[PDB]
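Enquirer:
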Amino acid sequence: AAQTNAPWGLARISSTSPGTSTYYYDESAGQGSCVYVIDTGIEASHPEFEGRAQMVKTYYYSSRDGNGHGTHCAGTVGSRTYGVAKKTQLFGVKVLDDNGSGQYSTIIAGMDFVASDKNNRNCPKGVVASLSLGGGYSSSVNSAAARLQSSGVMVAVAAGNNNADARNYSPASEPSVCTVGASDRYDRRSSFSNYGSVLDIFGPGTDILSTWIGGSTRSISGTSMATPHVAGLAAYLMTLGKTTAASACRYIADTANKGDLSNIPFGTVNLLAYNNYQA
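Numbering of the sequence shown is given in mature numbering (1 follows the signal peptide of the UniProt record, and there is no 0), commencing with residue 91 and proceeding in unit increments.
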């Protein structure tokens, strides 16, 4: 399939070179998989989700996304125009309040919720969790992300926006999950993106157009935007049968565009997520 005039990040993950505008992907489009978006929620009513989005859990007085962050990320995972895996099922777990904040103890419960709740869903092609969140280092948060991964879910987590080494941040510093840095449309490391050896992969993170609350759309930047690209790629690849929850981060790394990013610090991987699709 081909999506003409796709957002630059979508075109990027299906191309060898920057600066193209079409997104090439297999029409299975992640059908049969499930991506849990652990964030501020998802405006499931957005026409862009086609009713493939649904909230499954909140830790606050409402499950609505009063912020837009979560909706934007869910947009990049699986929305019809802005998404990597256009036929995936999206589950919203609201661990962040409408200011984008949440206690670590709430984030952990959310992860443990997903590890159990996937046994309540039909995901014959496997399960992904996208975690566009983080703060300072916490072994308990890392441990929770490790449990979520161990339970059979492909966990993608943002590297952080401090332009520092992600080892001082969680869950980004957890080895067994997929930690996602951010790059821009010119294959440059995004100015804010954390780095370090714990990074597994880079994704489009600068000027990412996605869904917003109120049935709108907008462009924002962050590793929070890179993460859902890789989460959606994972779901796409598992539907294709090419990898599994446990092996997807390694597979994406194996098959990534290598050596193409500028301003990658010594000791940080130079790998850009890539679907390797051939029409």
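Ideal Cβ placement from N, Cα and C applies to all residues, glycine included.
(1) Please report the residue range of the alpha helix (DSSP H) in which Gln-121 lies.
(2) Taking DSSP's pairing of strands, which residues face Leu-361 in a bridge?
(3) In the DSSP assignment, what residue or residues form a beta bridge with residue 79?
(4) Do three or more CB pairs link the region 229-246 to the region 276-283 at distances below 8 Å?
(5) Here's the rule: buried if 16 or more other CB atoms are within 10 angstroms of the residue's CB, otherwise exposed. What is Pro-261?
(6) Rounded to whole angstroms, how far is the Cβ of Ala-235 from the Cβ of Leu-180, which I believe are closer than 8 Å?
(7) Just tell me which of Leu-289, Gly-131, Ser-263, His-136 has its CA closest to the CA of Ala-272.
(8) Any idea which residues DSSP pairs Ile-310 with across the strands?
(9) Do you know how far the Cα of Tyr-150 is from the Cα of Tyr-367?
(10) Hey, would you say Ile-303 sits closer than 8 Å to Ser-311, going by beta carbons?
(11) Could you name the residues of the same chain whose beta carbon sits closer than 6 Å to that of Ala-92, not counting the 5 residues immediately before and after it, in chain order?
(12) List the DSSP bridge partners of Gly-226.
(13) Should the region 127-144 be called in touch with the region 95-105, which here means at least 3 C-beta pairs below 8 Å?
(14) Mapping the DSSP letters down to three states, classify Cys-268 as helix, strand or coil.
(15) Exposed or buried, what is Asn-212 when buried is set at 16 or more other beta-carbons lying within 10 Å of its beta-carbon?
(16) Identify the continuous alpha helix (DSSP H) that holds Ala-199 and give its terminal residues.
(17) First and last residue of the alpha helix (DSSP H) that includes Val-167?
(18) Could you check the C-alpha separation between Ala-335 and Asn-209 for me, to the nearest Å?
(19) Under a Cβ-count criterion, where at least 16 other Cβ atoms within 10 Å of its own Cβ denotes burial, should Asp-344 be classed as buried or exposed?
(20) Quick test of the definition: if touching needs 3 or more C-beta pairs under 8 Å, does the region 198-209 touch the region 150-159?
(21) Going by alpha carbons, who is nearest to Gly-224 out of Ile-354, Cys-124, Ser-283?
(22) Apart from the five residues just before and just after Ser-337, which ones in its own chain have a Cβ nearer than 8 Å to its Cβ?
Expert: The structure says:
(1) Per DSSP, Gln-121 belongs to no alpha helix (DSSP H) and is neither H nor E.
(2) Partner(s): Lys-348.
(3) The question about residue 79 has no answer, for the chain in this structure spans 91 to 369.
(4) no
(5) buried
(6) Going by Cβ atoms, the distance from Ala-235 to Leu-180 rounds to 20 Å, so no, they are not a contact pair.
(7) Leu-289
(8) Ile-298
(9) 41 Å
(10) no
(11) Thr-112, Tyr-114
(12) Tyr-259
(13) Short answer: they don't touch.
(14) strand
(15) Under a 10 Å Cβ-count criterion, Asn-212 is classified as exposed, with fewer than 16 other Cβ atoms of the shown protein chains found around its own Cβ.
(16) 194-207
(17) For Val-167, the enclosing alpha helix (DSSP H) stretches over residues 159-168.
(18) 15 Å
(19) exposed
(20) No: the two stretches stay apart, fewer than three of their Cβ pairs being nearer than 8 Å.
(21) Ranking the options by Cα distance to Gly-224, first place goes to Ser-283.
(22) none
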